[PDB]
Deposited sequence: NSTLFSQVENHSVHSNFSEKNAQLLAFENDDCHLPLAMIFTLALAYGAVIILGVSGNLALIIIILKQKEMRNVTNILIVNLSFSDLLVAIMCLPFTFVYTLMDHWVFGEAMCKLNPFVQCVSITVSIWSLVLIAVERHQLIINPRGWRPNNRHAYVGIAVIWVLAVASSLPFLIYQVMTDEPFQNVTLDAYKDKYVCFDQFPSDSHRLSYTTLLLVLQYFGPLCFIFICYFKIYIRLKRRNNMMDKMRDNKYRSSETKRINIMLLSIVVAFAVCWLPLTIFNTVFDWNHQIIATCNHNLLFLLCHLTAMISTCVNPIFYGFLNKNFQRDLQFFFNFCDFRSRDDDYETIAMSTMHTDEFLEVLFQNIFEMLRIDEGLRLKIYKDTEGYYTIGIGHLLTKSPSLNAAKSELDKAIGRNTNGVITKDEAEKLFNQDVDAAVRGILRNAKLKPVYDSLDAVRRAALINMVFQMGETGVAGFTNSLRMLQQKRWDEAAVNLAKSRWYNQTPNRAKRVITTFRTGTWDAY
């Protein structure tokens, strides 16, 4: 019973006529991505390997990614292109089976590397106390990724067939003896289950996890090492991969679910445009690393012109031992007042209660950060209970919210609400009119201007 022959795609729009101009344009485009892919990745592989850095996890995974993109450029990319133009497979059955297998292996190898890099960067910012990413851990990761990528791509090597059966329906009576390189899965269910597996496990799934990682990193930094340029580059590499693959993912998925569609001409041109777009991702990564260099950027910008914790550690400082403030009251950490009493034993008692240990007038930076976390949490709940503070805070962004929290750390919940004039203008987004509008600038001019600039601009110019 030929149930396998019914799992082969049907094509019937022999009237495929593209102007030589468009074909030549595609040959130059594919030619450009083939050279940029082979040249850019080889350069990236050699540059990372020759630059010996004792502990670099991210770049080892970028070599992994660029080596798989180097494989596609040699083994897949030229073969897939001429095959679509000629409209018959002139290579071996080996190349026929290798073409979708090697491409599928490479998609999984690239995205699961990007998954590990997102984890690596998540562990460096969210949990720096653990600092788990090591080179040995990456070497196991790459070996797991390749072994699993191959195993999960084998149905392409197994069921992709070099066949001439689809040629029976399109006349072909009777001179050509031509072959097409088509997938021939065991059933409709086998195809749909496997294609869904690939879509969920290699595209929608991994990208969801990565975007959650970079968003958890984004939100942490706003509440809270010049590797910011790196994190923006790595994010723009995932966005690049996802955006280049999206049209091909949509195209292929439509054909996986509606396998009874007669593949026309228009579908051949549509596939080429989609495929070429997906091939752009195999050469963008080295162009990101090249444009990362600070000197080259300085040349570029000259030719073409185109956080609460850190804010308060500057404005109030960080102390691990009990000290007297400007008023003489016993403080600790980031402006944390213990008592307004003259007693030192009372302060040490209040400190021992807050921490839950016999501190003996001394704490660690972790106990100092937690005490500050407790302070800002108590400061934010007080802002919400206040009728003048709750509406202005809600309208304010994370940068200007940090400046309003900085203010409550200096005066208090009642002191800040005393600025009836300025609070109204900050609520109405009139920042410059509010910045010009107290004894606060008279007592400390340096600190007051540092927070006024953040209320006016909405960035960290002063810090």
Which runs of the deposited chain sequence never show up in the coordinates?
1-16, 241-254, 337-365, 497-499
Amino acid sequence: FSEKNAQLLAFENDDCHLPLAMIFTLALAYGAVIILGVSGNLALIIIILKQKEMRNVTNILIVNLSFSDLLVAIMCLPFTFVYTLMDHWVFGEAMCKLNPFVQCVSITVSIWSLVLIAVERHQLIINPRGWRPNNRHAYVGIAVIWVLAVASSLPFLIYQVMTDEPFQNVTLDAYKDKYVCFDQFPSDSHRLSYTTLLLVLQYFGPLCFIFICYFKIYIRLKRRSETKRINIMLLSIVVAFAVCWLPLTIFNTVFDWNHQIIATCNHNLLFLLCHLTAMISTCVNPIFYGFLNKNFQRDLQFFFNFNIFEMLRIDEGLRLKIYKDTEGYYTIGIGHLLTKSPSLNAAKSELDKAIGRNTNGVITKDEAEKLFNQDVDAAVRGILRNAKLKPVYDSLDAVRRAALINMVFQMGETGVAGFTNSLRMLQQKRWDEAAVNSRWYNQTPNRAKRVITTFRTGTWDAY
From here on, numbers count along this sequence of modelled residues.
Would you determine, from the values in the PDB entry, which of 143-151 and 128-136 has the greater average C-alpha temperature factor?
128-136
If you average the CA temperature factors as listed in the entry, which stretch comes out higher, 252-260 or 351-359?
351-359
Which listed residue, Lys388, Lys324, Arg224, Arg319, has the largest C-alpha temperature factor in the record?
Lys388
Residue of maximum C-alpha B factor among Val380, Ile158, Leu116, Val102, per deposited coordinates:
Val380
Relative to the other modelled residues in the chain, which third contains the C-alpha temperature factor of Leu172: lowest, middle or highest?
highest
If you rank the chain by CA B-factor, which third does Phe67 end up in: lowest, middle or highest?
middle
Binned into thirds over the chain's modelled residues, the C-alpha B-factor of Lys178 lands in the highest
Ranking the modelled residues of this chain by C-alpha B-factor as given in the entry, is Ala368 in the lowest, middle or highest third?
middle
Ranking every modelled residue in this chain by its Cα temperature factor as given in the entry, which third contains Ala10?
middle
